[PDB]
$ cat upload.pdb   # PDB, C-alpha atoms
ATOM      1  CA  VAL C   1      15.056  -8.626   8.445  1.00  0.00           C
ATOM      2  CA  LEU C   2      11.792 -10.376   9.409  1.00  0.00           C
ATOM      3  CA  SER C   3      11.546 -13.736  11.033  1.00  0.00           C
ATOM      4  CA  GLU C   4       9.559 -16.578   9.453  1.00  0.00           C
ATOM      5  CA  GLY C   5       7.067 -16.219  12.372  1.00  0.00           C
ATOM      6  CA  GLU C   6       6.702 -12.489  11.479  1.00  0.00           C
ATOM      7  CA  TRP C   7       6.143 -13.371   7.851  1.00  0.00           C
ATOM      8  CA  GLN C   8       3.514 -15.880   8.815  1.00  0.00           C
ATOM      9  CA  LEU C   9       1.615 -13.215  10.796  1.00  0.00           C
ATOM     10  CA  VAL C  10       1.771 -11.017   7.707  1.00  0.00           C
ATOM     11  CA  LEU C  11       0.570 -13.753   5.329  1.00  0.00           C
ATOM     12  CA  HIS C  12      -2.192 -14.997   7.663  1.00  0.00           C
ATOM     13  CA  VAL C  13      -3.871 -11.549   7.671  1.00  0.00           C
ATOM     14  CA  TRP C  14      -3.217 -11.174   3.928  1.00  0.00           C
ATOM     15  CA  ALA C  15      -5.131 -14.374   3.412  1.00  0.00           C
ATOM     16  CA  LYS C  16      -8.215 -12.648   4.808  1.00  0.00           C
ATOM     17  CA  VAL C  17      -7.647  -9.604   2.586  1.00  0.00           C
ATOM     18  CA  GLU C  18      -7.726 -11.992  -0.302  1.00  0.00           C
ATOM     19  CA  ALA C  19     -11.291 -13.096   0.508  1.00  0.00           C
ATOM     20  CA  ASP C  20     -12.251  -9.756  -1.083  1.00  0.00           C
ATOM     21  CA  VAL C  21      -9.360  -7.728  -2.348  1.00  0.00           C
ATOM     22  CA  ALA C  22     -11.552  -5.160  -4.123  1.00  0.00           C
ATOM     23  CA  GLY C  23     -13.464  -4.329  -0.904  1.00  0.00           C
ATOM     24  CA  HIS C  24     -10.299  -4.003   1.156  1.00  0.00           C
ATOM     25  CA  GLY C  25      -8.797  -1.786  -1.596  1.00  0.00           C
ATOM     26  CA  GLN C  26     -11.768   0.567  -1.557  1.00  0.00           C
ATOM     27  CA  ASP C  27     -11.571   0.910   2.229  1.00  0.00           C
ATOM     28  CA  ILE C  28      -7.775   1.460   2.149  1.00  0.00           C
ATOM     29  CA  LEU C  29      -7.873   4.070  -0.668  1.00  0.00           C
ATOM     30  CA  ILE C  30     -10.807   5.924   0.942  1.00  0.00           C
ATOM     31  CA  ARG C  31      -8.874   5.994   4.187  1.00  0.00           C
ATOM     32  CA  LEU C  32      -5.767   7.330   2.477  1.00  0.00           C
ATOM     33  CA  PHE C  33      -7.678  10.019   0.458  1.00  0.00           C
ATOM     34  CA  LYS C  34      -9.595  11.108   3.534  1.00  0.00           C
ATOM     35  CA  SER C  35      -6.679  11.217   5.979  1.00  0.00           C
ATOM     36  CA  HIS C  36      -4.235  12.800   3.424  1.00  0.00           C
ATOM     37  CA  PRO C  37      -6.290  14.534   0.721  1.00  0.00           C
ATOM     38  CA  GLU C  38      -3.142  15.887  -0.939  1.00  0.00           C
ATOM     39  CA  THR C  39      -2.305  12.354  -2.047  1.00  0.00           C
ATOM     40  CA  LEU C  40      -5.327  12.428  -4.356  1.00  0.00           C
ATOM     41  CA  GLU C  41      -3.713  15.259  -6.352  1.00  0.00           C
ATOM     42  CA  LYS C  42      -1.216  12.726  -7.712  1.00  0.00           C
ATOM     43  CA  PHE C  43      -3.878  10.920  -9.641  1.00  0.00           C
ATOM     44  CA  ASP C  44      -5.137  12.431 -12.892  1.00  0.00           C
ATOM     45  CA  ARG C  45      -7.853   9.801 -13.136  1.00  0.00           C
ATOM     46  CA  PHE C  46      -9.051  10.453  -9.483  1.00  0.00           C
ATOM     47  CA  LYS C  47      -8.217  14.007  -8.352  1.00  0.00           C
ATOM     48  CA  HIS C  48     -11.790  15.112  -9.160  1.00  0.00           C
ATOM     49  CA  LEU C  49     -13.397  12.777  -6.609  1.00  0.00           C
ATOM     50  CA  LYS C  50     -14.992  14.981  -3.962  1.00  0.00           C
ATOM     51  CA  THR C  51     -16.543  12.648  -1.379  1.00  0.00           C
ATOM     52  CA  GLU C  52     -16.344   9.053   0.085  1.00  0.00           C
ATOM     53  CA  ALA C  53     -19.556   8.265  -1.745  1.00  0.00           C
ATOM     54  CA  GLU C  54     -18.012   9.240  -5.068  1.00  0.00           C
ATOM     55  CA  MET C  55     -14.954   7.181  -4.216  1.00  0.00           C
ATOM     56  CA  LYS C  56     -17.096   4.090  -3.292  1.00  0.00           C
ATOM     57  CA  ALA C  57     -18.997   4.423  -6.548  1.00  0.00           C
ATOM     58  CA  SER C  58     -15.875   4.673  -8.753  1.00  0.00           C
ATOM     59  CA  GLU C  59     -15.333   1.472 -10.738  1.00  0.00           C
ATOM     60  CA  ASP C  60     -11.919   2.845 -11.755  1.00  0.00           C
ATOM     61  CA  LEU C  61     -10.933   3.406  -8.089  1.00  0.00           C
ATOM     62  CA  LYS C  62     -12.075  -0.154  -7.272  1.00  0.00           C
ATOM     63  CA  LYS C  63      -9.930  -1.509 -10.040  1.00  0.00           C
ATOM     64  CA  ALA C  64      -6.970   0.537  -8.896  1.00  0.00           C
ATOM     65  CA  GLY C  65      -7.298  -0.784  -5.386  1.00  0.00           C
ATOM     66  CA  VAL C  66      -7.223  -4.348  -6.672  1.00  0.00           C
ATOM     67  CA  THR C  67      -4.080  -3.503  -8.678  1.00  0.00           C
ATOM     68  CA  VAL C  68      -2.263  -1.945  -5.740  1.00  0.00           C
ATOM     69  CA  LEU C  69      -3.139  -4.638  -3.256  1.00  0.00           C
ATOM     70  CA  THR C  70      -2.319  -7.447  -5.631  1.00  0.00           C
ATOM     71  CA  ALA C  71       1.080  -5.887  -6.331  1.00  0.00           C
ATOM     72  CA  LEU C  72       1.717  -5.482  -2.642  1.00  0.00           C
ATOM     73  CA  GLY C  73       0.533  -8.980  -1.950  1.00  0.00           C
ATOM     74  CA  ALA C  74       3.016 -10.368  -4.487  1.00  0.00           C
ATOM     75  CA  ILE C  75       5.799  -8.426  -2.744  1.00  0.00           C
ATOM     76  CA  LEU C  76       4.772  -9.671   0.703  1.00  0.00           C
ATOM     77  CA  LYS C  77       4.664 -13.301  -0.518  1.00  0.00           C
ATOM     78  CA  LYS C  78       8.365 -12.969  -1.508  1.00  0.00           C
ATOM     79  CA  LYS C  79       9.157 -12.510   2.207  1.00  0.00           C
ATOM     80  CA  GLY C  80      11.774  -9.902   1.538  1.00  0.00           C
ATOM     81  CA  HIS C  81      13.145 -11.430  -1.701  1.00  0.00           C
ATOM     82  CA  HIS C  82      11.363  -8.787  -3.772  1.00  0.00           C
ATOM     83  CA  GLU C  83      14.167  -7.107  -5.803  1.00  0.00           C
ATOM     84  CA  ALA C  84      12.479  -8.055  -9.058  1.00  0.00           C
ATOM     85  CA  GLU C  85       9.083  -6.758  -8.084  1.00  0.00           C
ATOM     86  CA  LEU C  86      10.427  -3.536  -6.710  1.00  0.00           C
ATOM     87  CA  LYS C  87      12.376  -2.505  -9.806  1.00  0.00           C
ATOM     88  CA  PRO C  88       9.511  -1.566 -12.042  1.00  0.00           C
ATOM     89  CA  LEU C  89       7.433  -0.203  -9.180  1.00  0.00           C
ATOM     90  CA  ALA C  90      10.225   2.092  -7.950  1.00  0.00           C
ATOM     91  CA  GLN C  91      10.936   3.246 -11.450  1.00  0.00           C
ATOM     92  CA  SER C  92       7.360   4.145 -12.188  1.00  0.00           C
ATOM     93  CA  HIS C  93       6.651   5.783  -8.818  1.00  0.00           C
ATOM     94  CA  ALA C  94       9.895   7.765  -8.869  1.00  0.00           C
ATOM     95  CA  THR C  95       9.910   8.877 -12.511  1.00  0.00           C
ATOM     96  CA  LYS C  96       6.381   8.931 -13.858  1.00  0.00           C
ATOM     97  CA  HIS C  97       4.103   9.304 -10.802  1.00  0.00           C
ATOM     98  CA  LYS C  98       6.491  11.221  -8.508  1.00  0.00           C
ATOM     99  CA  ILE C  99       5.461   9.624  -5.197  1.00  0.00           C
ATOM    100  CA  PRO C 100       7.384  10.682  -2.150  1.00  0.00           C
ATOM    101  CA  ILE C 101       8.352   8.168   0.621  1.00  0.00           C
ATOM    102  CA  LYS C 102       6.080  10.176   2.943  1.00  0.00           C
ATOM    103  CA  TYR C 103       3.125   9.207   0.738  1.00  0.00           C
ATOM    104  CA  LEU C 104       4.189   5.536   0.889  1.00  0.00           C
ATOM    105  CA  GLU C 105       4.125   6.009   4.664  1.00  0.00           C
ATOM    106  CA  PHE C 106       0.588   7.386   4.359  1.00  0.00           C
ATOM    107  CA  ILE C 107      -0.694   4.355   2.404  1.00  0.00           C
ATOM    108  CA  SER C 108       1.112   2.033   4.851  1.00  0.00           C
ATOM    109  CA  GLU C 109      -0.846   3.787   7.665  1.00  0.00           C
ATOM    110  CA  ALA C 110      -4.090   3.312   5.712  1.00  0.00           C
ATOM    111  CA  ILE C 111      -3.387  -0.414   5.255  1.00  0.00           C
ATOM    112  CA  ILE C 112      -2.714  -0.918   8.911  1.00  0.00           C
ATOM    113  CA  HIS C 113      -5.755   1.071   9.949  1.00  0.00           C
ATOM    114  CA  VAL C 114      -8.094  -0.993   7.718  1.00  0.00           C
ATOM    115  CA  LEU C 115      -6.597  -4.308   8.744  1.00  0.00           C
ATOM    116  CA  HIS C 116      -6.931  -3.350  12.390  1.00  0.00           C
ATOM    117  CA  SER C 117     -10.547  -2.477  11.825  1.00  0.00           C
ATOM    118  CA  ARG C 118     -11.599  -5.415   9.708  1.00  0.00           C
ATOM    119  CA  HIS C 119      -9.384  -8.196  11.166  1.00  0.00           C
ATOM    120  CA  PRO C 120      -9.079  -8.101  14.872  1.00  0.00           C
ATOM    121  CA  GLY C 121      -8.929 -11.936  14.719  1.00  0.00           C
ATOM    122  CA  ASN C 122      -5.696 -11.876  12.762  1.00  0.00           C
ATOM    123  CA  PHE C 123      -4.413  -8.344  13.549  1.00  0.00           C
ATOM    124  CA  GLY C 124      -3.480  -8.253  17.163  1.00  0.00           C
ATOM    125  CA  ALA C 125      -0.449  -6.389  18.415  1.00  0.00           C
ATOM    126  CA  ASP C 126       2.077  -8.986  17.313  1.00  0.00           C
ATOM    127  CA  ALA C 127       0.560  -9.287  13.836  1.00  0.00           C
ATOM    128  CA  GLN C 128       0.394  -5.509  13.464  1.00  0.00           C
ATOM    129  CA  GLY C 129       4.052  -5.218  14.476  1.00  0.00           C
ATOM    130  CA  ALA C 130       4.912  -7.862  11.860  1.00  0.00           C
ATOM    131  CA  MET C 131       2.975  -6.011   9.144  1.00  0.00           C
ATOM    132  CA  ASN C 132       4.567  -2.708  10.160  1.00  0.00           C
ATOM    133  CA  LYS C 133       8.035  -4.334   9.885  1.00  0.00           C
ATOM    134  CA  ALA C 134       7.140  -5.772   6.389  1.00  0.00           C
ATOM    135  CA  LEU C 135       5.912  -2.388   5.203  1.00  0.00           C
ATOM    136  CA  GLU C 136       8.958  -0.594   6.678  1.00  0.00           C
ATOM    137  CA  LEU C 137      11.182  -3.055   4.755  1.00  0.00           C
ATOM    138  CA  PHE C 138       9.225  -2.344   1.599  1.00  0.00           C
ATOM    139  CA  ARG C 139       9.610   1.419   2.047  1.00  0.00           C
ATOM    140  CA  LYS C 140      13.362   1.121   3.007  1.00  0.00           C
ATOM    141  CA  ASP C 141      14.052  -0.928  -0.168  1.00  0.00           C
ATOM    142  CA  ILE C 142      11.960   1.404  -2.373  1.00  0.00           C
ATOM    143  CA  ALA C 143      13.730   4.448  -0.993  1.00  0.00           C
ATOM    144  CA  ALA C 144      17.127   2.842  -1.763  1.00  0.00           C
ATOM    145  CA  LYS C 145      15.934   2.212  -5.354  1.00  0.00           C
ATOM    146  CA  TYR C 146      14.600   5.791  -5.657  1.00  0.00           C
ATOM    147  CA  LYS C 147      18.117   7.030  -4.765  1.00  0.00           C
ATOM    148  CA  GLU C 148      19.654   4.731  -7.414  1.00  0.00           C
ATOM    149  CA  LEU C 149      17.139   6.079  -9.951  1.00  0.00           C
ATOM    150  CA  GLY C 150      17.840   9.749  -9.177  1.00  0.00           C
ATOM    151  CA  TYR C 151      14.819  10.635  -7.084  1.00  0.00           C
ATOM    152  CA  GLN C 152      15.212  11.920  -3.579  1.00  0.00           C
ATOM    153  CA  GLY C 153      11.690  10.723  -2.492  1.00  0.00           C
TER
END

$ encode --input "upload.pdb" --output "structure tokens"
Amino acid sequence: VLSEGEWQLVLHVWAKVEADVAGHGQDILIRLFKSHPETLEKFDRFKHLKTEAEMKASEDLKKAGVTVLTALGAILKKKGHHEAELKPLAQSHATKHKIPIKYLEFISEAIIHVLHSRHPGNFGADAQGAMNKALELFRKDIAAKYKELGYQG
């Protein structure tokens, strides 16, 4: 369970993300697909992308990044009261997309890496700890839903 102070560290960095969600999404997805290339195999619309330059040039990838970060942002703004938002996401990621918890860990890593790089003003140690706790909560709750849905994750 996060504190309000922890939530405020999360939401204060998120506010900067929201200056340019699309740009942050490109950096985060490039980081994920570079660090864990296997994750790209899950995407029929993206698995062909060969290089960072191709990724940066993909209007579809840019749109996807906006989608992902906006969904995550809506979850974070619930400050842990995100049962409603997690239902459809868990169901789709468990049943249609088949996304293991390990891969959710990988994108969490990618998010933290990019925020640390772009936002040293709002992403010191305490803020990073807060964001790691928020993302751990997200993954813990998703994994519990996966189990309910019949997916081991």

$ atom_distance --input "upload.pdb" --atom1 "atom CA of residue 14 of chain C" --atom2 "atom CA of residue 66 of chain C"
13.2 Å

$ resolve_selection --input "upload.pdb" --expression "the PyMOL selection byres ((chain C and resi 112) around 9)" --output "list in words"
residues 28, 107, 108, 109, 110, 111, 113, 114, 115, 116, 117, 123, 128, 131 and 132 of chain C

$ resolve_selection --input "upload.pdb" --expression "the PyMOL selection byres ((chain C and resi 70-85) around 10)" --output "VMD selection string"
chain C and resid 1 to 4 6 to 8 10 to 11 14 to 15 17 to 18 21 to 22 25 64 to 69 86 to 90 131 134 to 135 137 to 138 141 to 142 145

$ write_last_selection --input "upload.pdb" --atoms "C-alpha atoms" --output "PDB file, in the coordinates of the input"
ATOM      1  CA  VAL C   1      15.056  -8.626   8.445  1.00  0.00           C
ATOM      2  CA  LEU C   2      11.792 -10.376   9.409  1.00  0.00           C
ATOM      3  CA  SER C   3      11.546 -13.736  11.033  1.00  0.00           C
ATOM      4  CA  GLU C   4       9.559 -16.578   9.453  1.00  0.00           C
ATOM      5  CA  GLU C   6       6.702 -12.489  11.479  1.00  0.00           C
ATOM      6  CA  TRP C   7       6.143 -13.371   7.851  1.00  0.00           C
ATOM      7  CA  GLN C   8       3.514 -15.880   8.815  1.00  0.00           C
ATOM      8  CA  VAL C  10       1.771 -11.017   7.707  1.00  0.00           C
ATOM      9  CA  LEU C  11       0.570 -13.753   5.329  1.00  0.00           C
ATOM     10  CA  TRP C  14      -3.217 -11.174   3.928  1.00  0.00           C
ATOM     11  CA  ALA C  15      -5.131 -14.374   3.412  1.00  0.00           C
ATOM     12  CA  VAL C  17      -7.647  -9.604   2.586  1.00  0.00           C
ATOM     13  CA  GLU C  18      -7.726 -11.992  -0.302  1.00  0.00           C
ATOM     14  CA  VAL C  21      -9.360  -7.728  -2.348  1.00  0.00           C
ATOM     15  CA  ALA C  22     -11.552  -5.160  -4.123  1.00  0.00           C
ATOM     16  CA  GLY C  25      -8.797  -1.786  -1.596  1.00  0.00           C
ATOM     17  CA  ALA C  64      -6.970   0.537  -8.896  1.00  0.00           C
ATOM     18  CA  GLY C  65      -7.298  -0.784  -5.386  1.00  0.00           C
ATOM     19  CA  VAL C  66      -7.223  -4.348  -6.672  1.00  0.00           C
ATOM     20  CA  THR C  67      -4.080  -3.503  -8.678  1.00  0.00           C
ATOM     21  CA  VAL C  68      -2.263  -1.945  -5.740  1.00  0.00           C
ATOM     22  CA  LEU C  69      -3.139  -4.638  -3.256  1.00  0.00           C
ATOM     23  CA  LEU C  86      10.427  -3.536  -6.710  1.00  0.00           C
ATOM     24  CA  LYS C  87      12.376  -2.505  -9.806  1.00  0.00           C
ATOM     25  CA  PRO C  88       9.511  -1.566 -12.042  1.00  0.00           C
ATOM     26  CA  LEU C  89       7.433  -0.203  -9.180  1.00  0.00           C
ATOM     27  CA  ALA C  90      10.225   2.092  -7.950  1.00  0.00           C
ATOM     28  CA  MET C 131       2.975  -6.011   9.144  1.00  0.00           C
ATOM     29  CA  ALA C 134       7.140  -5.772   6.389  1.00  0.00           C
ATOM     30  CA  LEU C 135       5.912  -2.388   5.203  1.00  0.00           C
ATOM     31  CA  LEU C 137      11.182  -3.055   4.755  1.00  0.00           C
ATOM     32  CA  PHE C 138       9.225  -2.344   1.599  1.00  0.00           C
ATOM     33  CA  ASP C 141      14.052  -0.928  -0.168  1.00  0.00           C
ATOM     34  CA  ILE C 142      11.960   1.404  -2.373  1.00  0.00           C
ATOM     35  CA  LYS C 145      15.934   2.212  -5.354  1.00  0.00           C
TER      36      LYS C 145
END

$ atom_distance --input "upload.pdb" --atom1 "atom CA of residue 55 of chain C" --atom2 "atom CA of residue 105 of chain C"
21.1 Å

$ closest_residue --input "upload.pdb" --among "C:54, C:5, C:139, C:45" --to "residue 103 of chain C" --atoms "all atoms listed in the file"
C:139

$ closest_residue --input "upload.pdb" --among "C:63, C:136, C:43, C:9" --to "residue 106 of chain C" --atoms "only C-alpha atoms"
C:136

$ residues_near_point --input "upload.pdb" --point "(5.2, 13.7, 1.1)" --cutoff "12 Å" --atoms "all atoms listed in the file" --output "list in words"
residues 36, 37, 38, 39, 40, 41, 42, 98, 99, 100, 101, 102, 103, 104, 105, 106, 107, 152 and 153 of chain C

$ atom_distance --input "upload.pdb" --atom1 "atom CA of residue 57 of chain C" --atom2 "atom CA of residue 93 of chain C"
25.8 Å

$ residues_around --input "upload.pdb" --residues "residue 56 of chain C" --least-positions-apart "3" --cutoff "9 Å" --atoms "all atoms listed in the file" --output "list in words"
residues 26, 27, 30, 51, 52, 53, 59, 61 and 62 of chain C

$ closest_residue --input "upload.pdb" --among "C:96, C:50, C:119, C:147" --to "residue 19 of chain C" --atoms "only C-alpha atoms"
C:119
